[PDB]
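The same protein chain appears twice below, in two forms, each given on its own as structure tokens and labelled structure 1 and structure 2.
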Structure 1
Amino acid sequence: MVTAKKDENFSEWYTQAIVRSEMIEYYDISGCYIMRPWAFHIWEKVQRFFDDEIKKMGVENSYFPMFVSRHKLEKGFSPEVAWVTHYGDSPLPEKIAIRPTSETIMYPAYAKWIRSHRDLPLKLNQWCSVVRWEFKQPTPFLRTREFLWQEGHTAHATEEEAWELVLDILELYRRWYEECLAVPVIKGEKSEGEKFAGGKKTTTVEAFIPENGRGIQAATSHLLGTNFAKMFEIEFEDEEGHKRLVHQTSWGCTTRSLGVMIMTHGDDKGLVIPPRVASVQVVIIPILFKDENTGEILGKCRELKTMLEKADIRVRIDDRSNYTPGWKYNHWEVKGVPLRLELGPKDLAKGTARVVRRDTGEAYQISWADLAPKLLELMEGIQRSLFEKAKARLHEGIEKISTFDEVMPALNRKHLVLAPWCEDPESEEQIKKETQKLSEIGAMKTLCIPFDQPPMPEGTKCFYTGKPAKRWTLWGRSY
């Protein structure tokens, strides 16, 4: 069982939650972790959701190689690239890189495949892993040296169409977090200093971890413009006869999303899994002691399971004999199963069952006949409730502010700041450095410029420079 307290040592709580729920197993290669089935089946849920959704958009899956030649890759990230140099004892004629991202592997094929407006839009995605030798401290899910993701890369005839796809994908990531994982996120645009330097505009959805005050980028979606098209010579012929550059997008989201989910809903007893992505929504536990009606109990459990399945409820009967009922309660609780259904002799007589919801611990006596619709109601309730409590914590954790003197105090309260900003290059680095210096006695950066802009009253001044403010910008410590 989990013994560290989420509000005290957070990092130790997280480690305990993911190990004791059997999500993660540690590994001898640093920054790498084993995803056990309990975590993996959650990734399968969100994977299936996103993948179904992008299919409706006409995006197709493919698989490109995990290797890229030195000279193709080498056309700030350099330190992260893993190099293969040998096969057995033999040195490769030339060393080869493992993919940190697939632009240099995909875009030469894009140049070849695209000839005319007839070939556009080209819309591809891949589910794969990538390797980056991260310099930051690793954390399971959130920052790992090998991670699972999808990366989508599209090419369009016009900026308008590309940008519309950017925003579509972005909305899909909001749905991945908000609708599947009950994790609230803020859509936004990256500052000129945080955006992907290979693109024209980077959009993002951002989450927040109240326990350490860190913002975290939850996913990303780029309008690439034409810069990659010029570099790779991805050109097409218009409906006229002239050579046009394509307008591109790329987008990706990772198993980080699972870490965000765990941190968001988990409590002092361990995991809490939103019903929508729980592989086991309801666990049935027969209560067996001193041979009291052992046969009938097991019989009704099996009957209840089938009834519940007709409603598409995902049910496990834990009928393992080599474990106590109490052991089962702790087990499925640490694992975050939304609903436990208990059934002993007393309940068997009554035509009822005791049900405990994992999020609040509330118990219910419920008649066999009402189980299906009551459990469905409890599940939407759990799911909606997890989200709305997270949303309130997110909103309690953001402070509207007007001057730089408000910054350092709000960071100490472990909050982010929404502050009006002139959006000039040098200020962000100055702010990072200044907050860096003040902290060690660290750094604050732009998280995003939210799409949802509060009113900006005429003449309002940027919080740091004093110049005229353009827009409101969300700032904080971050992963």
Structure 2
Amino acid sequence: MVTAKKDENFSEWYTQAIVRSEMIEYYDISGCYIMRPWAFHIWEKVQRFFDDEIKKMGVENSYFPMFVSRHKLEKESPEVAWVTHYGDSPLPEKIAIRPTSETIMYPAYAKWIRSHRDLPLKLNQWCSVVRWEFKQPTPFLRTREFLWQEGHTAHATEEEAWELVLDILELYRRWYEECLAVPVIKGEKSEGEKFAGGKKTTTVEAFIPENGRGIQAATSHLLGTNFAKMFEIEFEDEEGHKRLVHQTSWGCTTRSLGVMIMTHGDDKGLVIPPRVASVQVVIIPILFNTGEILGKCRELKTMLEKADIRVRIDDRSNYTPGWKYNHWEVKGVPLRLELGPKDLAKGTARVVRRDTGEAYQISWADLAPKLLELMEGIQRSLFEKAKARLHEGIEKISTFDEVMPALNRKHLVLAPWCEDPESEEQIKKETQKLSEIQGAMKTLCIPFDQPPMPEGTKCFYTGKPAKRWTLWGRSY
């Protein structure tokens, strides 16, 4: 059973919910975690979604090695794990476990690209990534081993690369909004928060109401021509001139599962969106074994599986129905089907939806279509409710004085900002100092969706003219 209350004791709730739901088992190495089926299946669902979508844009998959020579990695960091020996035997030079794959992939890109006919080059990989994170580890959200994909592309023009950046970013919106029912906000990173290797970083950001924190959900970079300068990725154009390629890179990790847990979970435990749940409907026979009820459960299973609904009968002998209800509630199965002798006599079954608790009486013949409609309802309502908590979590302000009260209410702040890089630094400091007295607030993104900006408007901090609205907050 789940006992820590979600609003009151968020950290404990989260651990309880991931452990008692059977998603995660703890492990003797810090910041590493076991991903059990109930979590891993969700990762498979989103990997297949995204993979299929990039295969439509002409991206192709590859696998580069997890190892990189120190020489190659330090070409141009305290997080990098170094291998120094195998068995008893010292290596000639230490070797790094990949923390990201630029220094592995880009030298190969310099070899493969010779001519404009080689462009665009579009690759992705799925792989694990290792980083010795300094911060407190958190399962899914921050781990020292995480799973991700990483895309790297090279184009003859900026315009084509930018088109891809945005197309990929829309797929990350989809990953989170369409599969996980988490609402996100597309936006440009500030100068201080963007990938230092690139020209412009775009991002998809999320908000955890229960601790008032923003969190970057995924990232898509327009890298410009600078890696191609560094690594010498050049092409003869059709006029025989030597040109630099234009590059993008993008990634999203097992962090997304965690954001999904935090968003839809409640005091009983998980709530998993139907699109990604391992089991969408659990059949629970009201049994404390004559074979009439399980006979009908099996029948119902077959029937529902014909509509591609994922189903499990919990036919365990030694557990009471109510025990089982709770069990599958902690796991967040979006739908429970109850079948007892009553139900068996009526030709009906009783269905309870995990998001709201609402119960329904449904005739055997209507089950398949009615459970499909219920899952669309559940999926959609999870989203709409989270969207509403997102927009209730953002306070629009005009002045630096509105900042601290807005952070204390566990809110994000949306504010007109001059975008001067020095100012971002000043605001990280000033809100750090002010937080200790009573923690740093930073930029999360400049939203693509800009609320209106009355002609005279001034920066909430410097009072200079204000370019755009920037979304700020405490963050992971």
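For numbering, take structure 1's sequence and count from 1. For the two forms, the rigid core is made up of the largest set of C-alpha atoms that agree within 1.5 Å on superposition.
In a core superposition between structure 1 and structure 2, the Cα of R320 is the only one among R320, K136, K350, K95 shifting by 2 Å or more. Taking the core as the fixed frame between structure 1 and structure 2, we note the C-alpha of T226 moving 0.3 angstrom. Core superposition gives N330 a CA displacement of 1.4 Å between structure 1 and structure 2.
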